[PDB]
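Asks: Hey, dropping protein-v1.csv in here, CSV, C-alpha atoms and all ligand atoms:
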```csv
chain,number,residue,atom,x,y,z
A,1,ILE,CA,193.3,132.8,67.7
A,2,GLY,CA,194.2,135.2,64.9
A,3,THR,CA,197.4,134.7,62.9
A,4,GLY,CA,197.3,137.9,60.9
A,5,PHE,CA,199.1,141.2,61.8
A,6,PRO,CA,196.7,143.9,60.5
A,7,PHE,CA,198.6,147.0,61.7
A,8,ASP,CA,200.1,149.8,59.6
A,9,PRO,CA,203.8,150.4,60.1
A,10,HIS,CA,205.0,153.4,62.2
A,11,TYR,CA,208.6,154.4,62.5
A,12,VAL,CA,210.6,156.9,64.6
A,13,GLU,CA,214.3,157.8,64.7
A,14,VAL,CA,216.0,156.7,68.0
A,15,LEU,CA,219.7,157.3,68.7
A,16,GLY,CA,220.4,157.3,64.9
A,17,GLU,CA,218.4,154.1,64.3
A,18,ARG,CA,214.9,153.5,63.0
A,19,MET,CA,212.6,151.6,65.4
A,20,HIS,CA,209.2,150.1,64.3
A,21,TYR,CA,206.1,150.3,66.4
A,22,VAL,CA,202.3,149.5,66.3
A,23,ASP,CA,200.2,152.6,67.0
A,24,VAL,CA,196.4,152.4,67.2
A,25,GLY,CA,193.5,153.8,69.2
A,26,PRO,CA,192.4,157.4,70.1
A,27,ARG,CA,194.9,160.2,71.1
A,28,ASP,CA,192.6,161.6,73.7
A,29,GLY,CA,193.8,159.7,76.9
A,30,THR,CA,196.5,157.7,78.6
A,31,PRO,CA,198.5,155.5,76.2
A,32,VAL,CA,199.2,151.8,76.9
A,33,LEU,CA,202.8,150.7,76.1
A,34,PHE,CA,203.2,147.0,75.2
A,35,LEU,CA,206.7,145.6,75.6
A,36,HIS,CA,207.7,142.2,74.2
A,37,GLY,CA,210.8,140.1,74.9
A,38,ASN,CA,212.9,137.3,73.6
A,39,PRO,CA,212.6,136.0,70.8
A,40,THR,CA,209.3,137.8,69.9
A,41,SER,CA,208.1,141.1,68.5
A,42,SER,CA,205.0,143.3,68.5
A,43,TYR,CA,203.4,140.3,66.8
A,44,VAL,CA,203.0,138.7,70.2
A,45,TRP,CA,200.4,141.4,71.1
A,46,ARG,CA,198.4,141.1,67.8
A,47,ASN,CA,195.3,139.5,69.5
A,48,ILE,CA,195.5,141.5,72.8
A,49,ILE,CA,195.6,145.0,71.3
A,50,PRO,CA,192.1,144.9,69.6
A,51,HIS,CA,190.5,144.6,73.1
A,52,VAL,CA,192.3,147.7,74.4
A,53,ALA,CA,192.5,149.9,71.3
A,54,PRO,CA,188.8,151.1,71.3
A,55,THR,CA,189.2,152.9,74.6
A,56,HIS,CA,193.0,153.6,74.8
A,57,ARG,CA,195.9,154.3,72.5
A,58,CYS,CA,198.1,151.2,72.0
A,59,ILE,CA,201.8,151.5,71.3
A,60,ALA,CA,203.8,148.3,70.7
A,61,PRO,CA,207.4,148.8,69.6
A,62,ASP,CA,209.8,146.3,68.3
A,63,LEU,CA,213.0,146.3,70.4
A,64,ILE,CA,216.2,147.3,68.6
A,65,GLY,CA,217.5,144.5,66.4
A,66,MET,CA,214.1,142.8,66.5
A,67,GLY,CA,210.8,142.7,64.6
A,68,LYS,CA,210.9,145.4,61.9
A,69,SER,CA,213.2,147.8,63.7
A,70,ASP,CA,216.8,148.5,62.5
A,71,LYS,CA,219.7,146.1,63.1
A,72,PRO,CA,222.8,148.1,64.2
A,73,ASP,CA,226.1,146.4,65.0
A,74,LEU,CA,225.8,146.1,68.8
A,75,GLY,CA,226.4,143.5,71.5
A,76,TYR,CA,222.6,143.8,72.3
A,77,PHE,CA,223.2,143.8,76.1
A,78,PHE,CA,220.3,144.8,78.3
A,79,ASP,CA,221.9,148.2,78.6
A,80,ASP,CA,221.6,148.7,74.9
A,81,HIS,CA,217.9,147.9,75.0
A,82,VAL,CA,217.5,150.3,78.0
A,83,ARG,CA,219.2,153.2,76.1
A,84,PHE,CA,217.0,152.6,73.0
A,85,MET,CA,213.7,152.1,74.9
A,86,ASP,CA,214.4,155.2,77.0
A,87,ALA,CA,214.9,157.2,73.9
A,88,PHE,CA,211.9,155.6,72.1
A,89,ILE,CA,209.5,156.8,74.9
A,90,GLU,CA,211.0,160.3,74.8
A,91,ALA,CA,210.8,160.4,71.0
A,92,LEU,CA,207.0,159.7,71.1
A,93,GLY,CA,206.7,162.5,73.7
A,94,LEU,CA,204.8,160.3,76.2
A,95,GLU,CA,204.0,161.8,79.6
A,96,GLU,CA,202.0,159.3,81.7
A,97,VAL,CA,201.6,155.6,80.6
A,98,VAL,CA,200.2,152.2,81.5
A,99,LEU,CA,202.7,149.4,81.0
A,100,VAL,CA,201.8,145.9,79.6
A,101,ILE,CA,205.0,143.8,79.8
A,102,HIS,CA,206.4,140.3,79.2
A,103,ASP,CA,209.7,138.5,79.5
A,104,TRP,CA,212.6,141.0,78.8
A,105,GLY,CA,210.0,143.6,78.1
A,106,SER,CA,209.1,143.3,81.8
A,107,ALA,CA,212.8,144.0,82.7
A,108,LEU,CA,212.6,147.1,80.6
A,109,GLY,CA,209.2,148.2,81.9
A,110,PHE,CA,210.0,147.7,85.6
A,111,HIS,CA,213.4,149.3,85.3
A,112,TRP,CA,211.8,152.3,83.6
A,113,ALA,CA,209.0,152.5,86.1
A,114,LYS,CA,211.5,152.5,89.0
A,115,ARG,CA,213.3,155.5,87.5
A,116,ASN,CA,210.0,157.3,86.4
A,117,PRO,CA,207.4,156.3,89.1
A,118,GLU,CA,205.2,159.4,88.8
A,119,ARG,CA,204.8,158.6,85.0
A,120,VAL,CA,203.5,155.1,85.5
A,121,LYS,CA,199.7,154.7,86.3
A,122,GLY,CA,199.6,150.9,86.1
A,123,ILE,CA,201.5,147.8,85.2
A,124,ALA,CA,200.1,144.6,83.7
A,125,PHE,CA,202.7,141.8,83.6
A,126,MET,CA,203.2,138.1,83.0
A,127,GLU,CA,206.0,135.6,82.9
A,128,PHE,CA,208.5,138.3,83.9
A,129,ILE,CA,212.2,138.6,84.8
A,130,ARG,CA,212.9,138.1,88.5
A,131,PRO,CA,216.1,137.2,90.3
A,132,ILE,CA,216.8,133.4,90.1
A,133,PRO,CA,219.1,132.9,93.2
A,134,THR,CA,220.3,129.5,92.1
A,135,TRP,CA,219.8,127.0,89.2
A,136,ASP,CA,217.4,125.0,91.5
A,137,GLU,CA,214.8,127.9,91.1
A,138,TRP,CA,214.9,127.6,87.3
A,139,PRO,CA,212.5,125.1,85.7
A,140,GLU,CA,214.0,121.6,86.1
A,141,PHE,CA,213.4,120.5,82.5
A,142,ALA,CA,215.0,123.5,80.9
A,143,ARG,CA,218.1,123.7,83.1
A,144,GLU,CA,220.6,121.9,80.8
A,145,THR,CA,219.4,123.9,77.7
A,146,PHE,CA,219.7,127.3,79.3
A,147,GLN,CA,223.0,126.3,80.9
A,148,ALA,CA,224.1,125.4,77.4
A,149,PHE,CA,222.7,128.6,76.0
A,150,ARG,CA,224.9,130.5,78.5
A,151,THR,CA,228.2,129.5,76.8
A,152,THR,CA,230.3,131.1,74.1
A,153,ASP,CA,230.8,127.8,72.2
A,154,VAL,CA,227.7,125.5,72.5
A,155,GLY,CA,225.3,128.4,73.1
A,156,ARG,CA,226.3,130.3,70.0
A,157,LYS,CA,226.2,127.2,67.7
A,158,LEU,CA,222.7,126.5,69.1
A,159,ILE,CA,221.2,130.0,69.0
A,160,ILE,CA,223.1,131.7,66.2
A,161,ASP,CA,224.0,128.9,63.7
A,162,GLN,CA,221.0,126.5,64.3
A,163,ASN,CA,218.4,129.1,65.4
A,164,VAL,CA,217.0,126.8,68.2
A,165,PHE,CA,215.5,129.7,70.2
A,166,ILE,CA,213.1,130.3,67.3
A,167,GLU,CA,212.8,126.8,66.0
A,168,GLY,CA,212.6,125.1,69.4
A,169,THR,CA,212.4,127.3,72.5
A,170,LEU,CA,209.7,129.6,71.1
A,171,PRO,CA,207.1,126.9,70.2
A,172,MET,CA,207.9,125.0,73.4
A,173,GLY,CA,206.9,128.1,75.4
A,174,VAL,CA,203.3,127.7,74.1
A,175,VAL,CA,200.9,125.0,75.5
A,176,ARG,CA,198.7,124.8,72.3
A,177,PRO,CA,200.4,124.2,69.0
A,178,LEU,CA,201.8,127.3,67.2
A,179,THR,CA,200.9,127.1,63.5
A,180,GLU,CA,203.3,127.4,60.6
A,181,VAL,CA,201.9,130.8,59.7
A,182,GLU,CA,202.6,132.1,63.3
A,183,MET,CA,206.1,130.5,63.2
A,184,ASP,CA,206.8,132.3,59.9
A,185,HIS,CA,205.9,135.7,61.4
A,186,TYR,CA,208.4,135.0,64.3
A,187,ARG,CA,211.1,133.8,61.8
A,188,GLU,CA,211.0,136.8,59.5
A,189,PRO,CA,213.4,139.1,61.5
A,190,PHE,CA,216.2,136.4,61.9
A,191,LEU,CA,216.5,134.6,58.5
A,192,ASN,CA,220.1,135.7,58.4
A,193,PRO,CA,222.2,134.1,61.1
A,194,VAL,CA,224.3,137.3,61.4
A,195,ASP,CA,221.1,139.0,62.9
A,196,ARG,CA,220.6,136.5,65.7
A,197,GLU,CA,223.0,138.2,68.2
A,198,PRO,CA,220.1,139.5,70.3
A,199,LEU,CA,218.6,136.0,70.6
A,200,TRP,CA,221.9,134.7,72.3
A,201,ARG,CA,222.8,137.7,74.5
A,202,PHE,CA,219.4,137.8,76.1
A,203,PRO,CA,219.6,134.3,77.8
A,204,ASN,CA,223.2,135.2,78.8
A,205,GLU,CA,221.8,138.4,80.5
A,206,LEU,CA,219.3,136.5,82.6
A,207,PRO,CA,219.9,137.0,86.4
A,208,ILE,CA,220.7,133.4,87.4
A,209,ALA,CA,223.1,132.3,90.2
A,210,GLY,CA,224.4,135.9,90.7
A,211,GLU,CA,225.5,136.4,87.0
A,212,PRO,CA,225.7,138.8,85.3
A,213,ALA,CA,226.3,140.8,88.5
A,214,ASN,CA,224.9,144.1,87.0
A,215,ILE,CA,221.6,142.6,85.8
A,216,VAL,CA,221.0,140.8,89.1
A,217,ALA,CA,221.4,144.0,91.1
A,218,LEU,CA,219.3,146.0,88.5
A,219,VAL,CA,216.5,143.4,88.7
A,220,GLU,CA,216.7,143.1,92.5
A,221,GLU,CA,216.3,146.9,92.7
A,222,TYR,CA,213.2,147.1,90.6
A,223,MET,CA,211.6,144.1,92.5
A,224,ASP,CA,212.2,146.0,95.7
A,225,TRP,CA,210.6,149.1,94.1
A,226,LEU,CA,207.6,147.0,93.0
A,227,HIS,CA,207.1,145.6,96.5
A,228,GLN,CA,207.3,149.2,97.9
A,229,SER,CA,205.1,150.8,95.2
A,230,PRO,CA,201.3,151.5,95.5
A,231,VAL,CA,200.9,151.5,91.6
A,232,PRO,CA,198.0,149.3,90.4
A,233,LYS,CA,199.2,145.9,89.3
A,234,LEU,CA,197.7,143.1,87.2
A,235,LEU,CA,199.5,139.7,87.2
A,236,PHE,CA,198.6,137.1,84.5
A,237,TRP,CA,199.8,133.6,85.2
A,238,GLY,CA,199.3,130.1,83.8
A,239,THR,CA,199.9,126.4,84.8
A,240,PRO,CA,202.6,125.1,84.9
A,241,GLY,CA,204.4,128.3,83.7
A,242,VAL,CA,208.1,128.8,83.2
A,243,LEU,CA,209.5,131.9,84.9
A,244,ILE,CA,206.5,132.3,87.2
A,245,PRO,CA,205.1,129.1,88.7
A,246,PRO,CA,201.5,129.0,90.1
A,247,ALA,CA,202.8,128.9,93.7
A,248,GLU,CA,205.0,132.0,93.1
A,249,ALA,CA,202.2,133.8,91.3
A,250,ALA,CA,199.9,133.5,94.4
A,251,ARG,CA,202.7,134.6,96.7
A,252,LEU,CA,203.2,137.7,94.5
A,253,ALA,CA,199.5,138.5,94.4
A,254,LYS,CA,199.6,138.8,98.2
A,255,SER,CA,203.0,140.4,98.8
A,256,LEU,CA,202.8,143.1,96.0
A,257,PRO,CA,200.7,146.1,97.0
A,258,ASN,CA,197.5,146.7,94.9
A,259,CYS,CA,197.9,143.5,92.8
A,260,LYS,CA,195.2,141.5,91.1
A,261,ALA,CA,196.1,138.0,89.8
A,262,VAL,CA,194.3,136.5,86.8
A,263,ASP,CA,194.6,132.8,85.9
A,264,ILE,CA,194.8,132.3,82.2
A,265,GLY,CA,194.6,128.5,82.3
A,266,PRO,CA,197.2,126.2,80.7
A,267,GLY,CA,200.4,128.2,79.8
A,268,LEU,CA,204.2,128.2,79.7
A,269,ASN,CA,206.1,131.4,78.8
A,270,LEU,CA,204.2,133.0,75.9
A,271,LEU,CA,200.9,133.4,77.7
A,272,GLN,CA,199.7,135.7,75.0
A,273,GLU,CA,199.5,132.8,72.5
A,274,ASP,CA,197.5,130.5,74.8
A,275,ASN,CA,194.7,132.9,76.1
A,276,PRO,CA,194.9,136.3,74.3
A,277,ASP,CA,191.1,137.1,74.6
A,278,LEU,CA,191.1,136.8,78.4
A,279,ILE,CA,194.3,138.7,78.7
A,280,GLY,CA,193.0,141.4,76.4
A,281,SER,CA,189.5,141.7,78.0
A,282,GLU,CA,190.9,141.8,81.5
A,283,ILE,CA,193.3,144.6,80.6
A,284,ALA,CA,190.4,146.5,79.1
A,285,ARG,CA,188.3,145.9,82.2
A,286,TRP,CA,191.2,146.8,84.6
A,287,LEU,CA,192.0,150.0,82.6
A,288,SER,CA,188.4,151.3,83.2
A,289,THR,CA,188.9,150.9,87.0
A,290,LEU,CA,192.0,153.1,87.0
B,1,LIG,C1,211.5,134.8,78.3
B,1,LIG,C2,212.9,134.3,78.3
B,1,LIG,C3,213.0,132.8,78.9
B,1,LIG,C4,212.2,131.9,77.9
B,1,LIG,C5,212.0,130.6,78.5
B,1,LIG,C6,211.5,129.6,77.4
B,1,LIG,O1,211.2,128.3,78.0
B,1,LIG,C7,210.5,127.5,77.1
B,1,LIG,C8,210.8,126.1,77.3
B,1,LIG,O2,212.2,125.9,77.0
B,1,LIG,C9,212.5,124.7,76.2
B,1,LIG,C10,214.0,124.3,76.3
B,1,LIG,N1,214.3,123.4,75.2
B,1,LIG,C11,214.7,123.8,74.0
B,1,LIG,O3,214.8,125.0,73.8
B,1,LIG,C12,215.1,122.8,73.0
B,1,LIG,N2,215.3,121.4,73.5
B,1,LIG,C13,216.6,121.4,74.3
B,1,LIG,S1,215.3,120.3,72.4
B,1,LIG,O4,214.0,120.2,71.8
B,1,LIG,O5,215.5,119.0,73.0
B,1,LIG,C14,216.4,120.5,71.2
B,1,LIG,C15,217.6,120.0,71.3
B,1,LIG,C16,218.6,120.1,70.3
B,1,LIG,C17,218.4,120.9,69.1
B,1,LIG,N3,219.3,121.0,68.2
B,1,LIG,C18,220.7,120.5,68.2
B,1,LIG,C19,217.0,121.5,69.0
B,1,LIG,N4,216.5,122.2,68.0
B,1,LIG,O6,215.2,122.5,68.4
B,1,LIG,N5,214.9,121.9,69.6
B,1,LIG,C20,216.0,121.3,70.0
B,2,CL,CL,216.2,134.9,77.2
```
Could you take the file, read its structure, and then write that structure out as structure tokens?

Replies:
Amino acid sequence: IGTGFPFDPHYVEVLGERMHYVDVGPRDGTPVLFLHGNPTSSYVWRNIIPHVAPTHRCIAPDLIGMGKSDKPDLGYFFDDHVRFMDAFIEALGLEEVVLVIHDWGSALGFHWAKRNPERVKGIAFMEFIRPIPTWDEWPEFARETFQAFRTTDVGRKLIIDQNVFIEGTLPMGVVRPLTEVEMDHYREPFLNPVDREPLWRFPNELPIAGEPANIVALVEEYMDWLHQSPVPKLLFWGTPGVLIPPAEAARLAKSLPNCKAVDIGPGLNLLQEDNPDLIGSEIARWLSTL
């Protein structure tokens, strides 16, 4: 599994702020938009893009306040990421797209797809945001931690001051051992604790036990849309998983229209780090069928 990031920087102005994105592959077709989540960047797609790039354009932006994008003084609520990602897509003049989404990127992708259904020709997704009705439906071993993350006192000491989402939560979301080189790439954007606001607000935005109300309703809405949509779907899952257990993955493969499920083997949250070659090859294969 490659540790390098051999991609030239591309930048575009979005609502007054510069956002960074990877941009490779030919301009003569339908682009593929890769959306990462918390606490990652376009780096998380480094070993998946080379499988798709030869046949399709690959665009992988860093969310505002993350990766190599600018760091404006914001609360970094989901609404902020929505405004910026909406404007990013328009700034690149993209008409029709295929989405490849993960974690909070999936919340952005599905929410955008719901509002622009005619512009989405396919969605590949993995370990995605869905409504968690109660704390019982959150992984048992991470309940205390994420309950602690969702506080203004303990949560901010952990995530902001001590950087545990990078130093702990990130590597614990990968089955195989993340190397020090890979950890350093993920560390780069958040060396200053003042820049870690996005890392704390994200887990506080998760739709768990009806809070926050707005995110729960927003996510419920795009899941209803996904169940009602005939758009091609590609669901990657692993065992034991984190947000999407093997049992739920199989249920979704049946209930969602036009959905193909692919088992990646052992995995937790960052499935891209456990089996990038299968994920990449299956996206390339799937794209040719569309
Ligand atoms: C996509 C958004 C959701 C991401 C889900 C990520 O789940 C991955 C698994 O979660 C691991 C939860 N545990 C931890 O983050 C850290 N543990 C609580 S820890 O290892 O016991 C721990 C405890 C305390 C401290 N510092 C005071 C730690 N620093 O690093 N790990 C620590
Ligand atoms: Cl999160």

Asks: Pick out the residues sitting within 12 Å of residue 1 (chain A), and hand them over as a VMD selection string; count all atoms listed in the file, and ignore anything fewer than 4 positions along from it in its own chain.

Replies: chain A and resid 5 44 to 48 176 to 179 181 to 182 272 to 278

Asks: Just the residues within 9 Å of residue 163 (chain A), please, counting only C-alpha atoms, with nothing from its chain fewer than 6 positions along; format it as a list in words.

Replies: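 Skipping anything fewer than 6 positions along the chain leaves residues 157, 190, 193, 196 and 199 of chain A.
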
Asks: Could the residues that lie within 10 Å of ligand CL 2 (chain B), counting all atoms listed in the file, be listed as a list in words?

Replies: residues 37, 38, 39, 103, 104, 129, 146, 149, 150, 165, 169, 198, 199, 200, 201, 202, 203, 204, 205 and 206 of chain A

Asks: Rounded to one decimal, what separation in Å do you get between CA of residue 126 (chain A) and CA of residue 68 (chain A)?

Replies: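 Distance between the two atoms: 23.6 Å.
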
Asks: A:286, A:266, A:128, A:255: which is nearest ligand LIG 1 (chain B), counting all atoms listed in the file?

Replies: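 Nearest to ligand LIG 1 (chain B): A:128.
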
Asks: Choose the residue, out of A:137, A:90, A:161, A:13, that has the smallest atom-to-atom separation from ligand LIG 1 (chain B); count all atoms listed in the file.

Replies: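 Among A:137, A:90, A:161, A:13, it is A:161 that comes nearest to ligand LIG 1 (chain B).
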
Asks: Using all atoms listed in the file, find the one residue out of A:34, A:141, A:110, A:43 that sits nearest to ligand LIG 1 (chain B).

Replies: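 Between A:34, A:141, A:110, A:43, the residue approaching ligand LIG 1 (chain B) most closely is A:141.
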
Asks: Which residue, A:32, A:234, A:98, A:91, has the smallest gap to residue 118 (chain A) when you use all atoms listed in the file?

Replies: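 For residue 118 (chain A), the nearest of the candidates is A:98.
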
Asks: Which residue out of A:127, A:9, A:50, A:94 has the minimum interatomic distance to residue 36 (chain A) when all atoms listed in the file are used?

Replies: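 Of A:127, A:9, A:50, A:94, the one nearest residue 36 (chain A), counting all atoms listed in the file, is A:127.
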
Asks: Name the residues within 9 Å of (192.8, 148.1, 80.5), counting all atoms listed in the file in the file's coordinates, and put them as number ranges by chain.

Replies: A: 32, 51-52, 55-56, 98, 124, 280-290

Asks: Around the point (219.2, 150.4, 77.3) in the file's coordinates, collect all residues with an atom within 12 Å, using all atoms listed in the file, and return them as a ChimeraX atom specification.

Replies: /A:14-15,63-64,74-89,104-105,107-109,111-112,215

Asks: Pick the closest to residue 195 (chain A) from A:160, A:49, A:183, A:268: which is it, counting all atoms listed in the file?

Replies: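 Counting all atoms listed in the file, the residue closest to residue 195 (chain A) is A:160.
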
Asks: So that I can check the surroundings of residue 231 (chain A), please list as a count of residues only every protein, DNA and RNA residue that reaches within 12 Å of it, counting all atoms listed in the file and ignoring chain neighbours fewer than 2 positions away.

Replies: 28

Asks: I want to know what sits within 8 Å of residue 265 (chain A), based on all atoms listed in the file, with residues of the same chain fewer than 3 positions away left out; could you give that as a list in words?

Replies: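 After dropping sequence-adjacent residues, the list is residues 237, 238, 239 and 275 of chain A.
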
Asks: So what do you get for CA of residue 148 (chain A) versus CA of residue 131 (chain A), distance-wise?

Replies: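 Value for the CA of residue 148 (chain A)-CA of residue 131 (chain A) distance: 19.2 Å.
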
Asks: Calculate how many Å separate CA of residue 61 (chain A) from CA of residue 132 (chain A), rounding to one decimal.

Replies: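 Between CA of residue 61 (chain A) and CA of residue 132 (chain A) the gap works out to 27.3 Å.
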